[PDB]
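Input: a single structure, listed below in structure tokens.
In this analysis, Cβ positions are derived from the backbone assuming ideal geometry, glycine residues included, and neighbour counts consider all displayed protein chains. Rule-based calculations on the coordinates, nothing more; no lab input.
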Ligand SMILES: Nc1ncnc2c1ncn2[C@@H]1O[C@H](COP(=O)(O)OP(=O)(O)OP(O)(O)=S)[C@@H](O)[C@H]1O
Ligand SMILES: Nc1ncnc2c1ncn2[C@@H]1O[C@H](COP(=O)(O)OP(=O)(O)OP(O)(O)=S)[C@@H](O)[C@H]1O
Ligand SMILES: Nc1ncnc2c1ncn2[C@@H]1O[C@H](COP(=O)(O)OP(=O)(O)O)[C@@H](O)[C@H]1O
Ligand SMILES: [Mg+2]
């Protein structure tokens, strides 16, 4: 039970040496399996890029997803369907 | 720059405030319902009030849960309620969900005269949320963790008898909003503020049509270019009005700003009165 | 925190229990009928009672018993009865059908009004359920398979204007609810239990306004609270009312004083007289 | 140990037997209609009579003879007649159709009430069944193949408000029920037979309340058991009364027989009259 | 607390596999967050699904015929302690 908005928290908690699996997250995309996979890939790589620079994914995590969606049309549709949630990790 | 009536703002303030407030010994109605005549501006006032307050709004269409080929209202209202609850934490501001034309705009003739299967579902869903606002459940992925309570606004012409339990329970509050002379002056004054009309002029317009909907006065502004268009057609000629405008590369038609006078508005007012009279 | 009148709770409990027990040789009425003056708390005290015992309620509103379709109010009663009978079988607990404000649907006041078939049918249906609680049919194919017996609670303002066979000792147990001084003291004392008023002070409030319904006192509390909340919104301001609410500072507690509870109540009566 | 009144048992016995028997040159009515006053025991003495003989009953509710679909109550009676006819062929015993409370079904209260067409058809359907008990056609394809003759028993408060051709000697056997003093003594004596009262004491109970239906005396007994039941609810506790009664792994509670004396019964009887007067 | 009865189609499971049927039924239902507790009481197996299994290699009847022992329950013994004894000392206790 994970989608594109859970990405900054899962990356930070589980670290780098882990496998993240999306059952209903990839398939349930409005456009199909191929744009659904691309949306998940862009969201993961943007968080990895932001982590390496020196940005806290607790405070700036939602800002990274919104910035990546400006050039990726596949992610912009995914952000419309699944709504953003707030994790309370410190 | 549109005027808001003080009474309308007050009713919204108290409902939203009280729900968000956490005072012991006090019971608060979760759902507020507003009934009035059509084109009173109930929807327009709600949208404006929220902007001044800066509170986030989620809108659900009346036709979105009335249509047979839409989905499932029971599953939908629940999903929208959860999403609105998430906003409070992330956004850090008050968030309200409102529904328009719960029993209207479906396309059906009855307008709540006769119940439907779909009508029953909304009643069922709403009643569950009103009793247990803190916990709302989807079909799958049941979460133990509680959600922040969210206020609900509903607007319509009238409320069905099915809702009578909720109102007697005091879980729902019904507000009847009717415009007055003072309210009319404000709203009419705001519409024509940009045009530039004297206070005496604005008073005359309301006085001309004492018993009129708010929508009518707004609609008057639209029929100002009619004289220009009619005169324009003549110069061009009926033979070739279409071709030049529809699909031709030329300078687009230019219209000088219409003169604003009280006389023009009275003449326009009479024509719309006549048409509405004949149709009904 | 709400006070239920001991008379009211014992009448409900004994009615439902006796329907569920199978004492041999005794015939029991399936309908309990509560009637009296408007706004005395007929519906409200039932809801408190049903919550205490933790028993499921199936509601039918009074403004539903007259539809533009012939037989449609009668068909609903049978449909809802069969739904409640199954809930006894499945959930394995006591379930009750409550029809509130029957006077509006099945009633017959003056002869100056025009009535329909439905008035006739709603009276007819309730008679047959009360005769055969175990044999209620759904439209279509007949089945001779028995169902669970379900008790019915009926609220009204008057039963004088109702079909004569539906009101008889053998078919309905009648209960006239008129709250006395001791009841009023308890109930009013339950509303203002949280505020902190002495017994003697509660007595005085009832004496000041004796010709009042239970709703009046509960409506009085809301009026006291609304003024306080309105002023708080004005003081804080509309622009930043959300910032000082989500995360209540500078909020004076409501008056709640015997001296004022008289003053405010007099103003309400004056407003009522203005319309009158 | 209920007393069934000889007249009531004889009249019902002969009507059913005479249909199932075949005597040449004798034409017999199909319908028996029992009418009288409320609570005299029309429905109840029928039920005791059907159980003594051990015969199957198919029940039609009077408040089912009108529907939003046209001709659907007309279809219902024709279907239930065939269903009962099959039970004679299969099970090989007497079967009876009963429509309880016909008065409020196919009846017209005043000359001001708006009625539909279903009322018109229900009268006609019973007319044709009573004429031809053998040929009842299920909608669709025709079939000329006879079914068994089934008697019908009808209860009502008033038959004066019913279609005139339906009530006639050749179509319906009429029977008016009103119990006398000897009937009352017998029936009321049957109620309190296990209690143990002298004959003189039974007489006195009838004398004290002479203008009363049978239901009144049965309602006395219900009130007597209240004290024991109220005590039981307290001992178990209001929190978990449902569990004990409905769904418990314990033997259902036993109540000792309360003291039954004429003085105590009259006291309770006057309490029921007072409750009736309160509404009156 | 209630007993729930659930039916499953025959063509949902692999033939001759206890592993597969056990993984399908009790896989991801016991960790469902909306339930406090769950217990599987009983399973009905149909005749059509039983015929795909070998069952017991011999059974009661054949076991008694091979051993030539009937009219009496069989007797057994467990060597104590559970762990400690040598292979030779184990066989001495067995004899
Ligand atoms: N026991 C109580 N404790 C606290 N408030 C009560 C109590 N009883 C009644 N009230 C209040 O007063 C109102 C009583 O009205 P209802 O519950 O609608 O019953 P009712 O009006 O007597 O039934 P009708 O109209 O004759 S069919 C409720 O809405 C409560 O707000
Ligand atoms: N023979 C009897 N022996 C014992 N109790 C009887 C006897 N007859 C009637 N009663 C009681 O009185 C009640 C009579 O109810 P009904 O059979 O409905 O009389 P009724 O004349 O059919 O009423 P209406 O006309 O349908 S209202 C029953 O509930 C019984 O408790
Ligand atoms: N305060 C206002 N100022 C300007 N226009 C208004 C105002 N209130 C309503 N309107 C007009 O009303 C119309 C929309 O009506 P709506 O809000 O849907 O009313 P209702 O919900 O009562 O039918 C628009 O043309 C809008 O400009
Ligand atoms: Mg009867």
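Using beta carbons and a limit of 9 Å, which pairs, at least six apart or on different chains, have the first residue in the range C:196-220 and closer than 13 Å to residue C:40 by Cα and the second one part of a loop (DSSP other than H, G, I, E, B) and within 16 Å of ligand 2 (Cβ to nearest atom)?
none
Restricting to the range D:33-79, name every residue that is within 20 Å of residue C:121 (Cα to Cα), out of contact with any helix residue (DSSP H, G or I) (no Cβ under 8 Å at 6 or more places or on another chain) and away from ligand 4 (no atom under 14 Å from the Cβ).
D:69, D:75
Looking only at the range A:19-67, count how many residues are part of a loop (DSSP other than H, G, I, E, B) and touching a helix residue (DSSP H, G or I) at 6+ places or on another chain (Cβ under 8 Å).
Looking only at that region, the number is 10.
So, in the range C:3-46, of the ones that are under 20 Å from residue B:170 (Cβ atoms) and loosely packed, with under 14 Cβ neighbours inside 10 Å, which residue ends up farthest from ligand 1 (Cβ to nearest atom)?
Top of the filtered list is C:37.
Contact list please: Cβ distance under 7 Å, first residue in the range C:82-109 and within 22 Å of residue C:43 (Cα to Cα) and away from chain D (no Cβ under 11 Å), second residue in a loop (DSSP other than H, G, I, E, B) and within 12 Å of ligand 1 (Cβ to nearest atom), pairs at least six apart or on different chains.
Between residues of the range C:82-109 that are within 22 Å of residue C:43 (Cα to Cα) and away from chain D (no Cβ under 11 Å) and residues that are in a loop (DSSP other than H, G, I, E, B) and within 12 Å of ligand 1 (Cβ to nearest atom), the close pairs are C:100/C:61; C:103/C:157; C:103/C:158.
Residues of the range D:216-236 being farther than 23 Å from residue C:6 by Cα and at the interface with another protein chain (Cβ under 7 Å from one of its Cβ atoms), which ones?
Matches in the range D:216-236: D:216, D:218, D:219, D:221.
Quick check, is residue D:211 more than 7 Å from chain C (Cβ to nearest Cβ), more than 27 Å from the chain's Cα centre (by Cα) and either buried (at least 18 other Cβ atoms within 10 Å of the Cβ) or not in a helix (DSSP H, G or I) (or both)?
Judged against the criteria, residue D:211 is not a match.
Is it fair to say residue B:12 is more than 27 Å from residue B:123 (Cβ to Cβ), in a helix (DSSP H, G or I), within 16 Å of ligand 3 (Cβ to nearest atom) and within 16 Å of the chain's Cα centre (by Cα)?
no
Sort through C:85, C:49, C:70 and tell me the only one that's outside any strand (DSSP E or B) and within 14 Å of the chain's Cα centre (by Cα).
C:49
Could you list, ordered by first residue, the pairs with Cβ atoms under 8 Å in which the first is in the range B:1-24 and under 16 Å from residue C:241 (Cβ atoms) and the second is in a helix (DSSP H, G or I) and within 16 Å of ligand 1 (Cβ to nearest atom), at least 6 apart or interchain?
Between residues of the range B:1-24 that are under 16 Å from residue C:241 (Cβ atoms) and residues that are in a helix (DSSP H, G or I) and within 16 Å of ligand 1 (Cβ to nearest atom), the close pairs are B:14/C:226.
Does residue C:100 satisfy the criteria of being in contact with a helix residue (DSSP H, G or I) (Cβ under 7 Å, 6 or more places away or on another chain) and within 16 Å of ligand 4 (Cβ to nearest atom)?
Working: in contact with a helix residue (DSSP H, G or I) (Cβ under 7 Å, 6 or more places away or on another chain): yes; within 16 Å of ligand 4 (Cβ to nearest atom): no.
No, not satisfied.
Just checking, how many residues over the range B:217-243 are more than 30 Å from residue B:187 (Cα to Cα) and within 39 Å of the chain's Cα centre (by Cα)?
So in the range B:217-243, the residues more than 30 Å from residue B:187 (Cα to Cα) come out as B:230-243.
Right, trim to within 39 Å of the chain's Cα centre (by Cα) and you get B:230-233, B:241-242.
Of the residues in that region, 6 qualify.
What do you reckon, is residue B:17 more than 16 Å from ligand 4 (Cβ to nearest atom), in a helix (DSSP H, G or I) and more than 25 Å from residue B:147 (Cβ to Cβ)?
Numbers: more than 16 Å from ligand 4 (Cβ to nearest atom): yes; in a helix (DSSP H, G or I): yes; more than 25 Å from residue B:147 (Cβ to Cβ): no.
When the stated conditions are applied, residue B:17 does not pass them.
Return the residue satisfying two criteria in turn: it lies in the range D:67-116 and is out of contact with any strand residue (DSSP E or B) (no Cβ under 7 Å at 6 or more places or on another chain) and on the phi > 0 side of the Ramachandran plot, and of such residues it is surrounded by the fewest Cβ atoms within 10 Å (Cβ to Cβ).
D:92
Looking only at the range B:135-172, count every residue that is within 14 Å of chain E (Cβ to nearest Cβ) and surrounded by 15 or more Cβ atoms within 10 Å (Cβ to Cβ) and tell me the total.
Total satisfying the criteria: 1.
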